[PDB]
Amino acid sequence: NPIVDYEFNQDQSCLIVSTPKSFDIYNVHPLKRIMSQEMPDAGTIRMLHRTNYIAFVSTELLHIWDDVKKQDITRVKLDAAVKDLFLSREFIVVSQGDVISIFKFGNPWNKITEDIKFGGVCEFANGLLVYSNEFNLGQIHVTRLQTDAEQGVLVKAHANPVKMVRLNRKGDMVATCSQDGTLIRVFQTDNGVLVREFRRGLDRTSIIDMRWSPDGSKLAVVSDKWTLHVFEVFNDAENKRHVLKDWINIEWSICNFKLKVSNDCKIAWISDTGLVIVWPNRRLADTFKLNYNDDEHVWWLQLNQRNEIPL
């Protein structure tokens, strides 16, 4: 009945959840369920695009499910409690305890390099790994993974320790924030160079979620103050990579929205002007429109719709 874990597609096309009895997978826009599979002990739950493969943690090892023939194709023994889990067509990436482990996806599913001590914050997306330093928690590591190996880069990102971290779809940019929740920063992943800095507000908050638009142009952000912020990271020209003269020649949300609330959530971009917020406790999916007046050059958000999540 209740919802144990939940996560999006790499795409945000779908949302997967686990209850005590099951794991279910939905379409995000619009919300109807696609699939339901009964299962005990489904905990931390992840999918792989829209492929037939799903991973979950028994509640202590890692089941790799194949939904065609309906069976584990492997179980993987885990040393510690699990925090984060990422699938790629050639890596399974797991943060357990105080270490990040990386297995081969397929094959003998072996452990392809040495467990990684990290400060407890990490993302993996499209071949790129970001994690805080074991000791200076406001520092960040960024490195590409390669088969054909060759089995990275180190960024001083925040004064206070990193809260979370969020790659954009292509992989070239990562967003950061700290337990301060005031400054939000963006780095080129080729080299860890600060690209752009923003302000959420003046007081301190903890950021619940951040996400990029398919575009790569914008970033959504939600603080426990329950205000949704959108930032314009790059405008059209900046983004399409044009020239811009007088670029050389000698920042806040473009819009925000106060949320309707009664503790945690996740944001999906269903389009380059639409978002969905998911609330686990209420099993509820808010959909927001992102409007633009081109006479003035201004943006506003509205809340189109609230749909209950069928279980």
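Residue indices: 1-based, along the sequence shown.
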{"property": "Unmodelled stretch of the deposited sequence separating residue 151 from residue 152, binned as none, 1 to 3, 4 to 9 or 10 or more", "result": "4 to 9"}
{"property": "Interresidue gap class [residue 59, residue 60; deposited sequence, unmodelled]", "result": "1 to 3"}
{"property": "Of 142-150 and 125-133, the stretch whose C-alpha atoms average the higher B-factor in the entry", "result": "142-150"}
{"property": "Segment of higher mean CA temperature factor, 73-81 or 187-195", "result": "73-81"}
{"property": "Options 117, 211, 170, 229 - largest CA temperature factor per the record", "result": "117"}
{"property": "Residue, from 42, 255, 275, 55, that the PDB entry assigns the highest Cα B-factor", "result": "42"}
{"property": "Residue 46 by Cα B-factor - lowest, middle or highest third of the modelled chain", "result": "lowest"}
{"property": "Lowest, middle or highest third - CA B-factor, residue 262", "result": "highest"}
{"property": "Third of the chain's Cα B-factor distribution that residue 86 belongs to, per the entry", "result": "lowest"}
{"property": "Residue 37 - which third its CA temperature factor falls in, relative to the rest of the chain", "result": "middle"}
{"property": "Chain-relative CA temperature factor third for residue 304", "result": "lowest"}
